[PDB]
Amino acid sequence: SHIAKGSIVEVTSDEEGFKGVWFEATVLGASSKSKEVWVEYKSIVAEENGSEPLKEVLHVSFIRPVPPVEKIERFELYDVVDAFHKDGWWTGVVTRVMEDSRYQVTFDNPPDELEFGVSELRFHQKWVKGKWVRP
């Protein structure tokens, strides 16, 4: 259903340095053997200064629907979270609750610690068996 033309999705890659990241994209077409999906990124560009959004043909395994958006005023310590960083969604864990509705999130591969506001975060959900799953 999320494969249908024009439907908004999120896509990932397994090229090293990309595993764990989800970028927002829109479906352009799909195979009706291949089972591939043609997509256009929303914030990623083809190259350089960039006027053309990047297009890509990915296996259906690397495509999922966009997770439902929630009203979120606060996250708790050790909450598993998605952070919107460098135009991509990165999964990490809240390791410190800061003041002014801000949070420290710890990431791995490579190990890192970043500061985020509440608006840059959402709950981490994996898309498994046609269902959204929290850890």
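The first residue of the shown sequence is 1; numbering continues from there.
Coordinates are absent for 1 to 3 residues of the deposited sequence placed between residue 32 and residue 33. Look at the C-alpha B-factors of 38-46 and of 62-70. On average they run higher in 38-46. Stretches 82-90 and 50-58 differ in mean C-alpha B factor, with the higher average recorded for 50-58. The residue among 14, 24, 120, 115 whose C-alpha carries the highest B-factor in the deposited model is 14. Compared with the other modelled residues of the chain, the Cα B-factor recorded for residue 99 ranks in the highest third.
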